[PDB]
Every structure is written in structure tokens, then in C-alpha cells.
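# Coordinate analysis (summary)
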Amino acid sequence: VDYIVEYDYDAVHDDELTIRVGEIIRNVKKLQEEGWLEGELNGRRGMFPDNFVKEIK
């Protein structure tokens with residue numbers, strides 16, 4: 001399922017996705033890390049905060 005960024009997040013790590021409010025992340029799935037999701041944003045697959053992106057219902 002896709003997700004929409006509601007809060008700006010700065011990727012501290014290399015596997016972290018730098019999500020910006022208003023962006024749509026392709027195929028956002030839930031990871032084994034509480035508060036971390038996996039999706040293709042900005043042309044890269046990374047991990048971003050769960051409370052920063054809202055599922056596209």
C-alpha cells in the first residue's frame with residue numbers, strides 16, 4: 001500500500017528515506033522495526049518513520 005508524507009524526515013542513515021510532507025511513497029510496507037516502514041521514494045527504497053507517513057486509503 002502507498003503512503004503520503006505528512007511530516008518532514010531527514011534520513012540520518014543511508015537506508016533511511018528522506019520523506020518530505022506531501023510526497024507519495026511507492027509500496028510502503030511495515031518492517032520489523034516499530035515506527036519504520038519500507039517504500040520507494042525519490043527513486044530509492046528506504047526506511048521512514050511510521051508517524052510521518054499516512055497510508056493512502
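This part covers the pattern of salt bridges. A complete count under the given rule lists one salt bridge for this structure. A salt bridge links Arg20 to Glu23; the shortest N-O distance between them is 3.0 Å.

This part covers the side chain of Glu16. Structurally, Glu16 can be placed in the loop between β1 (3-5) and β2 (24-30). At 3.0 Å, the side chain of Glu16 and the side chain of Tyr9 are in polar contact. With residues near it in sequence (within four places) discarded, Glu16 still touches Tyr9, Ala11, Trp36, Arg44 and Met47.

The next point concerns the side chain of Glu23. Within the secondary structure layout, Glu23 lies in the loop between β1 and β2. Assessed through its relative accessible area of 18%, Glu23 is described here as buried. The contact partners of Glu23, leaving out residues within four places of it in the chain, are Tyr3, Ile4, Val5, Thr18, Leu41 and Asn42.

Time to look at the sheet that holds strand β5 (residues 53-55). Ordered in space as β4-β3-β2-β1-β5, the five strands form an open sheet in which the pairing is antiparallel. Of all the strands in the sheet, the pair left with one neighbour each is β4 (44-49) and β5. Taking each pair of neighbouring strands and ignoring which way they run, the sheet shows an average axis angle of 40°. Examined bridge by bridge, β1 and β2 share two bridges and lie antiparallel to one another. Bridged to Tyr3 within β2 is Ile25.

This part covers unusual backbone geometry. For residues besides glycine, phi is generally negative; the peptide bonds are generally trans as well. Of note, the phi angle at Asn27 is positive, near 55°, even though the residue is not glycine. Positionally, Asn27 belongs in strand β2.

With that settled, consider the nonpolar core. One finds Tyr3, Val5, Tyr9, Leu17, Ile19, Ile25, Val28, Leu37, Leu41, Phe48 and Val53 forming the largest nonpolar core, which totals eleven residues. Of all the elements in the fold, those that place two or more residues in this core are β1, β2 and β3 (36-41). If sequence neighbours within four positions are ignored, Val28 has contacts with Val1, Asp2, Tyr3, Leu37, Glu38, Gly39 and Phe48.

The rules behind these values
Note on numbering: residues are counted from 1 along each chain in the order of its written sequence, which can differ from the entry, and residues with no coordinates are hidden. Heavy atoms from the whole structure form the basis of all side-chain values; hydrogens and water molecules are not counted. Note on definitions: salt bridges are taken to be side-chain nitrogens of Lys or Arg within 4 Å of carboxyl oxygens of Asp or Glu. The secondary structure listing takes helices from DSSP runs of H or I that are at least 4 residues long and strands from runs of E that are at least 2 residues long, numbered from the N terminus. Nitrogen and oxygen atoms within 3.5 Å of one another constitute a polar contact, given that in protein one can donate a hydrogen and the other can accept it, and given that sequence-neighbouring residues count only through two side-chain atoms. The contact definition used throughout considers only heavy atoms, calling two residues in contact when any of these lie within 4.5 Å. Working definition: with a 1.4 Å probe on protein chains only, accessible area under 20% of the residue-type maximum means buried, over 50% means exposed, and in between means partly exposed. Here a strand pair is declared whenever DSSP counts at least two bridges between the two strands. Orientation is described by lines fitted to C-alpha atoms, with helices fitted over the stretch in contact, and by angles between N-to-C directions that extend from 0 to 180 degrees. The criterion is simple. A nonpolar core is a set of buried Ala, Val, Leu, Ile, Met, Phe, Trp, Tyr and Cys residues joined through side-chain atoms within 4.5 Å.

Function cannot be read off these values alone, since they describe shape.
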